[PDB]
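**Q** Can you read through this structure? Questions will come right after.
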Amino acid sequence: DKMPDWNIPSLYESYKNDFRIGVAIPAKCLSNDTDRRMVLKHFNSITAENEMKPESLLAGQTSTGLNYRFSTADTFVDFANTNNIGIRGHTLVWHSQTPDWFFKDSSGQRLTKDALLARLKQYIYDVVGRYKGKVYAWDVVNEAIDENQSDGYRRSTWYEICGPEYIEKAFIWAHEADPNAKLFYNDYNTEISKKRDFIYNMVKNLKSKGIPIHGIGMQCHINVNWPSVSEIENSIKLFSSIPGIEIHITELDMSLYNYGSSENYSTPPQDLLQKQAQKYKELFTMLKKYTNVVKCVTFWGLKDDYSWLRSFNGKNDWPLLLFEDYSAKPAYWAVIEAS
């Protein structure tokens, strides 16, 4: 019952003078002929949905250091390179997607600050080094801010062991490993003002002291009701005021539900699909005002049944531009209209 249309306007071509248009995909897409063709029709950037996270690249440790498993990640990078498209690296440093043993020595004892920083340098040098010249943008540090803390730093094991210097050092080391990669700090809830402020000050302070951070990634996991496009625009305006900082919209999707809502639909309500289309049109019209700083917009999934939101929230959802049968949604046509 697949109904892909190979002749409708290409998303990336429609935005070719504005910014790259990207998609997150899991490994299975790379061995599915329909998925591969749809990716290459519409997108000129990809992100590995999970296959380049620390838990995915780490295979284990010994007393002399880390062991890796790169076979699947290599397929992603090779796919992007051979097809003349970008691949964004997701992600070098992230509290929630790293195994607990990474923060311990080979005997099971929690690493000291000095030993963990040494392991961070090793990890970044090895991973960024393997893909040197091949990954145009890395999310070097992901989700290091927690606006419920007075100093704004998430109390992850990284922070508990190292203090905040793990962040700046990750950027220094990634830039040494590939001086031509664009290096990003990536986060969600950038439209919560207190969190936006912590992110802004952290990145600005890194940049002012010479840390090689080149961009802010705004995940933009949004919904049809929140945040407003104007609040997203407020974030772009503030972050873009830092000299030398570009912006990638890294994980865009738009749930049909309010956050924390018990609504649960078996099929997508048309009124909500229409609100979704209206808001996507508004969003892309706004983003087109900022092409001097917004350089890439990636959607977090190819089509609605591939969305991480279905498993995460335990219910059907329709957050993307293509339906389960590969056909175009009202949201697709709205994004084309905004171009």
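As shown in the structure tokens, the chain order sets the letters A, B, ...; within each chain, residues go from 1, and ligands are also counted from 1 in the order they appear.
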DSSP on the backbone: which residues in stretch 106-309 of chain A end up as helix (DSSP H, G or I)? Give the answer as number ranges by chain.
**A** A: 113-130, 157-162, 165-177, 193-208, 229-240, 270-290, 304-306, 308-309
**Q** Give me, as a tab-separated table (two decimals) with C-alpha atoms, in the first residue's frame, all polymer residues having an atom no more than 10 Å from residue A:8, counting only C-alpha atoms and skipping those fewer than 2 positions away in the same chain.
**A**
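Written output follows (part.tsv):
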```
chain	number	residue	atom	x	y	z
A	4	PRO	CA	5.44	7.53	-2.48
A	5	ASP	CA	5.33	10.23	-5.15
A	6	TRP	CA	8.68	10.58	-6.89
A	10	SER	CA	12.12	18.23	-3.50
A	11	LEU	CA	12.28	19.78	-0.05
A	41	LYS	CA	14.99	13.04	-3.19
A	42	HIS	CA	14.21	15.43	-0.35
A	328	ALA	CA	2.66	13.91	1.42
A	333	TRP	CA	2.57	21.23	1.06
A	336	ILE	CA	6.64	23.89	-0.04
```
**Q** Extract the full set of strand (DSSP E or B) residues from stretch 60-301 of chain A according to DSSP on the backbone, and format it as a PyMOL selection string.
**A** chain A and resi 60-62+65-68+86-94+104+110+137-142+145+153+182-187+215-218+221-223+246-255+294-299
**Q** Please report the interatomic distance between atom CA of residue A:195 and atom CA of residue A:114 in Å with one decimal.
**A**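 Separation between atom CA of residue A:195 and atom CA of residue A:114: 29.0 Å.
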**Q** Taking only C-alpha atoms into account, which of A:175, A:16, A:88, A:289 comes nearest residue A:48?
**A**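 Closest to residue A:48 of all the choices is A:88.
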**Q** Grab the atom CA of residue A:131 to atom CA of residue A:112 distance for me, in Å with one decimal place.
**A**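 Between atom CA of residue A:131 and atom CA of residue A:112 the gap works out to 28.8 Å.
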**Q** Please identify every residue of stretch 267-328 of chain A that has at least one atom no farther than 12 Å from an atom of stretch 214-231 of chain A, counting only C-alpha atoms, and for each give the shortest atom pair and the distance in Å to one decimal, arranged by chain then increasing number, as a Markdown table.
**A**
```
| residue | atom | partner | partner_atom | distance |
| --- | --- | --- | --- | --- |
| A:271 | CA | A:224 | CA | 10.8 |
| A:272 | CA | A:224 | CA | 7.5 |
| A:273 | CA | A:224 | CA | 8.9 |
| A:274 | CA | A:224 | CA | 9.6 |
| A:275 | CA | A:224 | CA | 6.4 |
| A:276 | CA | A:224 | CA | 5.5 |
| A:277 | CA | A:224 | CA | 9.0 |
| A:278 | CA | A:224 | CA | 9.1 |
| A:279 | CA | A:224 | CA | 6.9 |
| A:280 | CA | A:224 | CA | 9.0 |
| A:281 | CA | A:229 | CA | 10.1 |
| A:282 | CA | A:229 | CA | 6.9 |
| A:283 | CA | A:229 | CA | 5.7 |
| A:284 | CA | A:229 | CA | 9.3 |
| A:285 | CA | A:229 | CA | 9.8 |
| A:286 | CA | A:229 | CA | 7.6 |
| A:287 | CA | A:229 | CA | 9.4 |
| A:293 | CA | A:215 | CA | 9.2 |
| A:294 | CA | A:215 | CA | 9.5 |
| A:295 | CA | A:215 | CA | 9.8 |
| A:296 | CA | A:217 | CA | 9.6 |
| A:297 | CA | A:218 | CA | 9.5 |
| A:298 | CA | A:219 | CA | 8.9 |
| A:299 | CA | A:220 | CA | 9.2 |
| A:300 | CA | A:221 | CA | 8.4 |
| A:301 | CA | A:221 | CA | 11.5 |
| A:307 | CA | A:221 | CA | 11.4 |
| A:308 | CA | A:221 | CA | 10.9 |
| A:309 | CA | A:221 | CA | 9.8 |
| A:317 | CA | A:223 | CA | 10.7 |
| A:318 | CA | A:223 | CA | 10.3 |
| A:319 | CA | A:223 | CA | 7.9 |
| A:320 | CA | A:223 | CA | 10.7 |
```
**Q** Save the residues we just selected, C-alpha atoms, as a compact mmCIF listing (two decimals), in the first residue's frame?
**A**
```
# COMPACT_ATOMS: atom_id res chain seq x y z
CA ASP A 271 -8.20 19.71 12.19
CA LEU A 272 -4.88 19.03 13.95
CA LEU A 273 -3.15 18.10 10.69
CA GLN A 274 -4.30 21.49 9.40
CA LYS A 275 -3.05 23.36 12.49
CA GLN A 276 0.24 21.50 12.01
CA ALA A 277 0.41 22.63 8.38
CA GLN A 278 -0.37 26.24 9.33
CA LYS A 279 2.35 26.24 11.98
CA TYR A 280 4.97 24.62 9.74
CA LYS A 281 4.23 27.29 7.12
CA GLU A 282 4.60 30.01 9.76
CA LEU A 283 7.83 28.45 11.03
CA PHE A 284 9.53 28.19 7.64
CA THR A 285 8.44 31.69 6.64
CA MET A 286 10.15 32.93 9.79
CA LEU A 287 13.29 30.81 9.29
CA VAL A 293 22.63 32.43 10.50
CA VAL A 294 20.30 29.40 10.10
CA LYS A 295 22.25 27.06 7.83
CA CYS A 296 20.49 23.70 8.18
CA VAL A 297 17.05 22.44 9.24
CA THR A 298 16.79 18.71 10.01
CA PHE A 299 13.53 16.83 10.62
CA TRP A 300 13.68 14.09 13.27
CA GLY A 301 12.31 11.31 11.04
CA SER A 307 8.80 8.98 14.65
CA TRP A 308 10.49 8.32 17.99
CA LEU A 309 7.45 9.94 19.62
CA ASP A 317 1.40 10.54 16.55
CA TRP A 318 1.89 12.35 13.24
CA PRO A 319 4.77 14.78 13.73
CA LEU A 320 6.48 14.89 10.33
```
**Q** So the first atom is atom CA of residue A:21 and the second is atom CA of residue A:46; what is the distance between them in Å, to one decimal place?
**A** 8.6 Å
**Q** So which residues touch residue A:84 within 10 Å, counting only C-alpha atoms, skipping near sequence neighbours fewer than 5 positions away, as a list in words?
**A**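 Residues near the query, excluding close chain neighbours: residues 40, 44, 45, 78 and 79 of chain A.
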**Q** Could you save the residues just selected, with N, CA and C atoms, as a PDB file, in the first residue's frame?
**A**
```pdb
ATOM      1  N   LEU A  40      17.125  10.661  -0.478  1.00  0.00           N
ATOM      2  CA  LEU A  40      17.951  11.365  -1.450  1.00  0.00           C
ATOM      3  C   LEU A  40      17.130  12.327  -2.306  1.00  0.00           C
ATOM      4  N   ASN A  44      19.403  16.968   1.769  1.00  0.00           N
ATOM      5  CA  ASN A  44      20.826  17.103   1.463  1.00  0.00           C
ATOM      6  C   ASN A  44      21.678  17.101   2.729  1.00  0.00           C
ATOM      7  N   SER A  45      21.109  16.595   3.825  1.00  0.00           N
ATOM      8  CA  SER A  45      21.821  16.295   5.057  1.00  0.00           C
ATOM      9  C   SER A  45      21.094  15.145   5.728  1.00  0.00           C
ATOM     10  N   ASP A  78      29.651   6.775   5.016  1.00  0.00           N
ATOM     11  CA  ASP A  78      29.912   6.432   3.620  1.00  0.00           C
ATOM     12  C   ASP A  78      28.703   6.725   2.738  1.00  0.00           C
ATOM     13  N   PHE A  79      27.488   6.454   3.225  1.00  0.00           N
ATOM     14  CA  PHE A  79      26.289   6.767   2.459  1.00  0.00           C
ATOM     15  C   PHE A  79      26.205   8.257   2.161  1.00  0.00           C
TER      16      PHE A  79
END
```
**Q** Go through A:130, A:208, A:108, A:83 and flag the residue nearest residue A:69, using only C-alpha atoms for the distances.
**A** A:130
**Q** With only C-alpha atoms as the basis for distance, which of A:75, A:313, A:107, A:261 is at the shortest distance from residue A:27?
**A**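 Under the stated criterion, the closest residue is A:75.
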**Q** Which residue gives the smallest distance to residue A:135 among A:200, A:12, A:76, A:101, with only C-alpha atoms counted?
**A**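 Between A:200, A:12, A:76, A:101, the residue approaching residue A:135 most closely is A:76.
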**Q** If we count only C-alpha atoms, what is near residue A:129 at a cut-off of 12 Å, once residues fewer than 2 positions away on the same chain are taken out, given as a PDB file with C-alpha atoms, in the first residue's frame?
**A**
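The result, written out as part.pdb:
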```pdb
ATOM      1  CA  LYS A 121      39.953  13.421  25.034  1.00  0.00           C
ATOM      2  CA  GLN A 122      40.606   9.863  23.895  1.00  0.00           C
ATOM      3  CA  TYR A 123      36.976   9.335  22.868  1.00  0.00           C
ATOM      4  CA  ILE A 124      36.748  12.595  20.893  1.00  0.00           C
ATOM      5  CA  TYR A 125      40.130  12.181  19.237  1.00  0.00           C
ATOM      6  CA  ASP A 126      39.237   8.634  18.181  1.00  0.00           C
ATOM      7  CA  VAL A 127      35.690   9.311  16.918  1.00  0.00           C
ATOM      8  CA  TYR A 131      35.624  10.621  10.368  1.00  0.00           C
ATOM      9  CA  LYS A 132      37.933  13.611   9.810  1.00  0.00           C
ATOM     10  CA  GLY A 133      36.943  15.470   6.670  1.00  0.00           C
ATOM     11  CA  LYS A 134      33.677  13.517   6.333  1.00  0.00           C
ATOM     12  CA  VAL A 135      31.279  14.932   8.974  1.00  0.00           C
ATOM     13  CA  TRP A 173      39.598  18.484  21.493  1.00  0.00           C
ATOM     14  CA  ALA A 174      37.014  18.052  18.726  1.00  0.00           C
ATOM     15  CA  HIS A 175      38.495  21.049  16.894  1.00  0.00           C
ATOM     16  CA  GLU A 176      41.995  19.563  17.177  1.00  0.00           C
ATOM     17  CA  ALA A 177      40.709  16.248  15.791  1.00  0.00           C
ATOM     18  CA  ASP A 178      39.037  17.900  12.773  1.00  0.00           C
ATOM     19  CA  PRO A 179      39.765  21.629  12.403  1.00  0.00           C
ATOM     20  CA  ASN A 180      37.295  21.972   9.491  1.00  0.00           C
ATOM     21  CA  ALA A 181      34.224  20.509  11.207  1.00  0.00           C
TER      22      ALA A 181
END
```
**Q** Contacts of stretch 143-158 of chain A at 6 Å or less, counting only C-alpha atoms, minus same-chain residues fewer than 3 places along, as a PyMOL selection string?
**A** chain A and resi 95+161-162+187+195+198
**Q** Rank A:192, A:256, A:39, A:238 by their smallest atom-to-atom distance to residue A:85, using only C-alpha atoms, and report the top residue only.
**A**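 Answer, going by the shortest atom-to-atom distance: A:39.
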**Q** For residue A:325, please output as an MDAnalysis selection string all residues within 12 Å (counting only C-alpha atoms; exclusion window: fewer than 3 positions along the same chain).
**A** chainID A and resid 1:5 34:35 302:306 321:322 328:329
**Q** Nearest to residue A:30: which of A:66, A:169, A:210, A:74 is it, counting only C-alpha atoms?
**A** A:74
